[PDB]
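Peer 1: Based on what follows, work out the 3D shape:
(5 chains, ligands or ions: 5)
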Amino acid sequence: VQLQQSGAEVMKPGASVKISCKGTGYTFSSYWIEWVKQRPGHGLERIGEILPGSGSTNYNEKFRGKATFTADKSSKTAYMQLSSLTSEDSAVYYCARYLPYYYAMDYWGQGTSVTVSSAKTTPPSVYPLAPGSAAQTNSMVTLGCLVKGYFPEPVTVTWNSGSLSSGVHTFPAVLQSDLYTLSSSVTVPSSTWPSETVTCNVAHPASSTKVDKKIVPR
Amino acid sequence: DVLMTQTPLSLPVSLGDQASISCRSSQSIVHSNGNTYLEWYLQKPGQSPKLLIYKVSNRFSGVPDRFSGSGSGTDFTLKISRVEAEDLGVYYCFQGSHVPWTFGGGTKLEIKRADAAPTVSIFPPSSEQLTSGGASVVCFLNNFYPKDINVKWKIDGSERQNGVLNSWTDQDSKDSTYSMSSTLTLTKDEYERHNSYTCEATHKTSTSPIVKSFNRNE
Amino acid sequence: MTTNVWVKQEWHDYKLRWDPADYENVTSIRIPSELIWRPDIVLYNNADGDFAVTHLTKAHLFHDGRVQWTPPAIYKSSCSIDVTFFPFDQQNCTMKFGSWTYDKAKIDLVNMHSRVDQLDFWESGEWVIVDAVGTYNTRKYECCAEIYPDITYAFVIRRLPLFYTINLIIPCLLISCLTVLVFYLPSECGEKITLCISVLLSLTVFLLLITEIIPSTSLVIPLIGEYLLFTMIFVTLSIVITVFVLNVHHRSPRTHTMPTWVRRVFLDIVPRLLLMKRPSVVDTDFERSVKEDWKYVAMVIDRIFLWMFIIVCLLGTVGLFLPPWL
Amino acid sequence: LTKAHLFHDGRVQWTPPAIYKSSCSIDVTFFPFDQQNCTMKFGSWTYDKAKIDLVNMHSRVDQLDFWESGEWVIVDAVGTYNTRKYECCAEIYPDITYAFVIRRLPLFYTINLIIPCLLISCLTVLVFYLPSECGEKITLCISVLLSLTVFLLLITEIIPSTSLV
Amino acid sequence: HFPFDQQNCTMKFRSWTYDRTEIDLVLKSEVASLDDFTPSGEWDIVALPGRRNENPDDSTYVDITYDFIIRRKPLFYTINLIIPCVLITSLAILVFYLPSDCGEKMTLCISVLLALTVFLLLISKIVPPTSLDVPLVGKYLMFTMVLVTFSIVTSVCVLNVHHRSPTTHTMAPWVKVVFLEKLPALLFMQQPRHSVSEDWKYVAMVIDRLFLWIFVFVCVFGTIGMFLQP
Ligand SMILES: *[C@@H]1O[C@H](CO)[C@@H](O[C@@H]2O[C@H](CO)[C@@H](O[C@@H]3O[C@H](CO)[C@@H](O)[C@H](O)[C@@H]3O)[C@H](O)[C@H]2NC(C)=O)[C@H](O)[C@H]1NC(C)=O
Ligand SMILES: *[C@@H]1O[C@H](CO)[C@@H](O)[C@H](O)[C@H]1NC(C)=O
Ligand SMILES: *[C@@H]1O[C@H](CO)[C@@H](O)[C@H](O)[C@H]1NC(C)=O
Ligand SMILES: CC(=O)OCC[N+](C)(C)C
Ligand SMILES: CC(=O)OCC[N+](C)(C)C
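Peer 2: Numbering: from 1, shown residues only, chains lettered A, B, ... in the order given. Ligands and ions are numbered 1, 2, ... in the order given. Structure data below:
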């Protein structure tokens, strides 16, 4: 048994998307396909369901009209269409295999990530940050490499060939005004800091950008 | 619909300590068939939920015996005898009885340990920012626990709250500690007019707020 | 849908060949169909019937191996019924014929003609076959790894509406005409309740009579059914309004006191708007004067709703049946 | 005519299904609280008692795989072995008659017939308390009479057209 | 829960020739296949699980049972049985707001009873004639019919009271002090009291108003016996 979903989708506000869930290894036409929306903040919300064999569909009151289910039997796939995309509709959507009053939602899709925004594929605007001139030096000092003005996600910020895997705190990205921004910090001894050579290996696979600019000691 | 509620929202518990999650229902979810269809789903971060318990007590094949569900009517509890690292995640209820089928609020299980003091560091903007025509002031609050943390910004003595950016990281694994990267952004005319930029931290481990200030005039 | 059809199958058998010269010029013979291989064509969408032909007449056999088999059969196929425009509805009932065990690579169906043969049709007198054309399709089933062909016949039949028109629609229209007459009936006759109750009961009876005809499907609602339901709602409203009006009409100073605002409104403003002028009459007796005033208020209230209902009924009927016609 | 299980010692077991329409005399004296006694009389048709004799496998009729109808409950079902002679023929013919004693569950017919009948009967004497000025005594008593007649006709379509009870 | 009911129909498959020691039945898939299903239009399919059952006490019994869980689409009956039933039931209370002078109370209440009884018989003809449970709609109609019969009796009594004159009945002092002073105050009626015959008419009207309240709280509370269904 295995449910496969489509890849991440990025669409402008007011558009409509069509997410596909394909199931194999079982009787596809006789199992309901629960669709679940999980906002990045928190909370799993059930959108609705469809029984591909027949055409029956149920929609939760919140998502009624927003979502439309169509099931194709020839190819073992079920499709959900979201109408009039907006900001709050950006989330990860799951498809699951359910049979009411019997076998539960045992198998899930890998999860399709949908983001709604009018921004374009802006490359990174990394601004490496170094300790301020007015800062004491202790036996244990923390570095920093800030990445901002970038879109879409994700960006695999790290150190030289994983120079220091431990002590790394890659904070989650956030939308400052319209482009995602994040920050990272690692803890390194101050004694070795003048000697050791470490660079924040910033990367942006969506823009195919791999820039590794270190922080020169102040 | 049947409103499902879970308490507590967070249930800190140390390793090897029994934990209990509560699940209440708006109305009785017992069904005429002689069974009540309640299910428990655990979602590790960045993964699709995995079924754990269905029909209150029955265990989905392949789950550790430590899990154990129970309840009746409108009061259900999921008990974990000896938790571990792999038990971290979010637990959701699910009522499979009354159409439409709705999810629970969600319970974020965390692990409790010795209280850890915060680590506060402050950095100013960068030269490239200065050229870009703005300001990006940020201080890191790293390795603090528990979640009883707060942050505020005191510019030139005055408190600045407009345009304040807040960002934090969930519980770690190597040290099981939190982090915060709240920031704020100013303009050049704003950047060069105030004398001192400060951001403070309030934590349980230290009732007296921590102070980390740097002077623009230097 | 029950039908009485002749299934005209024809194929080539390579073993049943002969040269008529040797057999006294016997070009063709009729042999029992149970002695020869026959295609196992079955009716897929069967319901309360037989899947395959059961009569097994004798099959014509020619000297070049050809075989012609034309057995009769009564097929009770399933077909989804649409009663939106009953009794003026047009149905589209289909029959799906195909080989049940020989896939395309072994047996293939060739459309003999492209239209059901109606030369020997027996005109039912209740339905008119607008069109009946067989379409060739080939699709794969999850049963098996081979493509299975079939031929789908779509019988587009249109109902002749005279019988059901006369027997349901016209009586329903006659009963509906009386929905508003309760408001024009004077309160003194003591028959308003009788009339409105009788209309409501008759409308419910006709709703049930229509219900026992149409299928119990939840996809569509017949237009006549919706119209009857709305007329029933309006008749219930008329009954409630009539009870209130009768209560108003029978008020007297010994029982009720007329608020000044009621007198003002319903004896100066409302009557003027309705073009009904009360004669300027002075009654010496105070109780009779008020008693008559209550009676006039009852007439005014009825006249308000008579206009309100006649406007609603006239708009509703046109706003419900006109678009379907166009 | 299912397949018959044959054992090495000559035994033969035959368990074929059957859907029988057996006539039974219905007593509706206490309808809808009546109890019916409908019998099925089984016996060999051509083999007399000297060539085939029937034995009762078990007095009680098996109900292990019974499917509760929901309308009737089997109070008792016991087969009785009877032997009698017919004027056709000079030989004694044995038989087994099964008496099904079935008790009707009265909730359905109770609610649907008895209660409306009680409600209509409650109004029988009201016409004598109505004032004559109302001018609706006749309507009330006529309604009562016609309702009772309609319910009598409705019952008529259920009970058998017998004259014994 | 008719017409919002859900049926659980089973199909049991066995070999009526061979027992478990001769052939073993196995399930190719845990659910029935809908790969070529045609939607019903009246009944909605929910689940078609398949289970293989053995009898631990027999060891010669094996079967495969498919549970067909179907859910009725309720619009047709919700339009053809419930709405008319509710419309008819709403008329049960009007008889108590109908002036006794109109001479139409009997007609209204008797017609309501007739309609309710007809609908009850129809509902009895639509459902199986089993005596295990009663449709909530049927129970609610039965309760409404009982209420309407009570209303017929009450209307007869009120008509008798209304058509009383001082030349044929004498009003006891307690009747006065109750019905013309106390009860009207509770019901917010405040007799104008600005002749004996009209006192009887008011007394008859007071009884109606009292019962109009009782038949409104109960009827409104009758939603408890109806709202539970949907
Ligand atoms: C539809 O009807 C069928 C038969 O009336 C119901 O099947 C029965 O369901 C119950 C509840 O699960 C079964 O009892 C349980 O069996 C399991 C496994 O043996 C046991 O572990 C439990 O403790 C409990 O005893 C029962 O065996 C089963 N019977 C059959 C013949 O299948 C079914 O539940 C109904 N479904 C719905 C949705 O109404
Ligand atoms: C009748 O139904 C068939 C198949 O459902 C369809 O192809 C055809 O277009 C229909 N005809 C009409 C006139 O709607
Ligand atoms: C049923 O009928 C049979 C014969 O008609 C009789 O022997 C038996 O006693 C009856 N059962 C009861 C309970 O009376
Ligand atoms: C091989 C066989 O018997 O197939 C039957 C099913 N059908 C008609 C879809 C092919
Ligand atoms: C000999 C024979 O066929 O008898 C049949 C009639 N019966 C059942 C009364 C004996």
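
Peer 1: Only C-alpha atoms from now on, for both contacts and neighbour counts.
Peer 2: OK.

Peer 1: I figured residue B:150 hits residue B:203, correct?
Peer 2: Yes - because the distance of 6.6 Å satisfies C-alpha atoms under 8 Å, residue B:150 is recorded as touching residue B:203.

Peer 1: The two: which is more packed in?
Peer 2: Comparing residue B:150 with residue B:203 by neighbour count (other C-alpha atoms under 10 Å in any protein chain shown), the higher total belongs to residue B:203, at 20 against 13.

Peer 1: Pull out the buried residues from the helix or strand hosting residue C:316.
Peer 2: In the assignment (DSSP states H and E), residue C:316 maps to helix C:286-325. Within helix C:286-325, the residues scored as buried using 16 or more other C-alpha atoms under 10 Å in any protein chain shown are C:290-303, C:305-306, C:309, C:313.

Peer 1: what sits against residue B:147?
Peer 2: Residue B:147 is in contact with residue B:178, counting by C-alpha atoms under 8 Å, 6 or more residues apart in numbering or on different chains.

Peer 1: ok, now residue B:73?
Peer 2: With contacts defined as C-alpha under 8 Å, 6+ apart, the neighbours of residue B:73 are B:28, B:29, B:30.

Peer 1: Have a look at chain B and report its longest strand.
Peer 2: Secondary structure of chain B per DSSP state E: the longest strand is strand B:206-215.

Peer 1: what's in contact with that strand?
Peer 2: With C-alpha under 8 Å, 6+ apart as the test, strand B:206-215 has contacts from A:134, B:117, B:120-122, B:195-203.

Peer 1: How about that strand, which residues are buried there?
Peer 2: Neighbour-count burial for strand B:206-215 [16+ other C-alpha under 10 Å]: B:210, B:212, B:213, B:214.

Peer 1: Go through these and name the one nearest residue E:176.
Peer 2: When those are compared for distance to residue E:176 (C-alpha to C-alpha), residue B:210 wins out at 84.5 Å.

Peer 1: What distance do you get for that closest one to residue B:117?
Peer 2: If you measure residue B:210 against residue B:117 using C-alpha to C-alpha, to the nearest Å, the figure is 11 Å.

Peer 1: Equivalent analysis for residue E:182, please.
Peer 2: The gap separating residue E:182 from residue B:117 is 77 Å, by C-alpha to C-alpha.

Peer 1: and the two? which has more neighbours close in?
Peer 2: For residue E:182 versus residue B:117, neighbours defined as other C-alpha under 10 Å are more numerous around residue B:117 (16 against 12).

Peer 1: near chain E, anything from stretch A:24-33?
Peer 2: Yes - under the criterion of C-alpha under 8 Å from any C-alpha of the partner chain, chain E is reached by stretch A:24-33 at A:26, A:27, A:29, A:30, A:31.

Peer 1: What's the ChimeraX syntax to select whichever of those residues are buried?
Peer 2: With 16+ other C-alpha under 10 Å as the burial test, the buried ones among those are selected in ChimeraX as follows:
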select /A:27,29,30,31
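
Peer 1: Any idea how many residues pack against the residue in the stretch 1-150 of chain C that chain A sits nearest to?
Peer 2: With C-alpha to the nearest C-alpha, the shortest gap between the stretch 1-150 of chain C and chain A falls at residue C:140, namely 8.6 Å. Around residue C:140 sit 13 other residues, with neighbours defined as other C-alpha under 10 Å.

Peer 1: hang on, it packs against residue C:150?
Peer 2: No - with contacts defined as C-alpha under 8 Å, residue C:140 does not count as touching residue C:150, sitting 11.0 Å away.

Peer 1: follow-up on the earlier one: now, which of the residues of stretch A:24-33 next to chain E sits nearest residue A:188?
Peer 2: Nearest to residue A:188 among the residues of stretch A:24-33 next to chain E, with distances taken as C-alpha to C-alpha, is residue A:26, at 52.7 Å.

Peer 1: Find the nearest non-adjacent residue to the closest one, please.
Peer 2: In this structure, residue A:26 finds its nearest non-sequential neighbour in residue A:1, 6.2 Å apart by C-alpha to C-alpha, 6 or more residues apart in numbering or on different chains.

Peer 1: these two touch, right, that neighbour and residue A:28?
Peer 2: No - proximity of residue A:1 to residue A:28 does not meet the contact threshold set by C-alpha under 8 Å, at 10.0 Å.

Peer 1: Looking at the two now, which is surrounded by more residues?
Peer 2: Neighbour comparison, residue A:1 and residue A:28: the larger count goes to residue A:28, with 24 against 11 (by other C-alpha under 10 Å).

Peer 1: tell me the contacts of the more buried one?
Peer 2: When the contact criterion is C-alpha under 8 Å, 6+ apart, the partners of residue A:28 are A:52, A:53, A:76.

Peer 1: most neighbours, which of those residues?
Peer 2: Most crowded among the contacts of residue A:28, counting by other C-alpha under 10 Å, is residue A:52 at 25 neighbours.

Peer 1: For that residue, which three-state class applies?
Peer 2: coil (DSSP: H, G, I helix; E, B strand; the rest coil).

Peer 1: distance of it from chain B?
Peer 2: Between residue A:52 and chain B the distance, using C-alpha to the nearest C-alpha, to the nearest Å, works out to 18 Å.

Peer 1: For residue A:164, which non-adjacent residue is closest in space?
Peer 2: Residue nearest to residue A:164 in three dimensions, not counting chain neighbours: residue A:186, with 7.9 Å by C-alpha to C-alpha, 6+ apart.

Peer 1: For that neighbour, grab the count of nearby residues.
Peer 2: The burial metric for residue A:186, expressed as a neighbour count using other C-alpha under 10 Å, is 20.

Peer 1: Give me the sheet partners of the strand or helix carrying it and which way each runs.
Peer 2: Residue A:186 is part of strand A:184-189, with elements assigned from DSSP H and E. For strand A:184-189, sheet partners with direction are given as strand A:140-142 (antiparallel), strand A:168-170 (antiparallel), following DSSP bridges.

Peer 1: Can you tell me what sits against that strand?
Peer 2: Under the contact criterion C-alpha under 8 Å, 6+ apart, strand A:184-189 has outside partners A:139-146, A:157, A:164, A:166-171.

Peer 1: Which among those residues count as buried?
Peer 2: Using 16+ other C-alpha under 10 Å as the burial test, those include A:141, A:142, A:143, A:144, A:145, A:146, A:157, A:168, A:169, A:170, A:171 as buried.

Peer 1: distance of the fifth one from chain B?
Peer 2: Meaning residue A:145. Distance from residue A:145 to chain B, by C-alpha to the nearest C-alpha: 11 Å.

Peer 1: which residues does that residue bridge with?
Peer 2: The partner list for residue A:145 in beta bridges (DSSP bridges) reads residue A:128.

Peer 1: Which residues are in contact with it?
Peer 2: A:126, A:127, A:128, A:129, A:130, A:183, A:184, A:185, A:200, A:214, A:215.

Peer 1: Can you report how many residues neighbour the second one?
Peer 2: The local packing count at residue A:127 equals 20, with neighbours defined by other C-alpha under 10 Å.

Peer 1: and residue A:150, what are its bridge partners?
Peer 2: Applying DSSP bridges to residue A:150 gives these bridge partners: residue A:180.

Peer 1: rewinding a little: direction included, what does the longest strand of chain B pair against?
Peer 2: Neighbouring strands of strand B:206-215 in its sheet, by DSSP bridges, are strand B:196-203 (antiparallel).

Peer 1: So chain A: which segments form each domain?
Peer 2: A:1-118, A:119-217 (CATH domains of a matching chain).

Peer 1: All good on my end, thank you.
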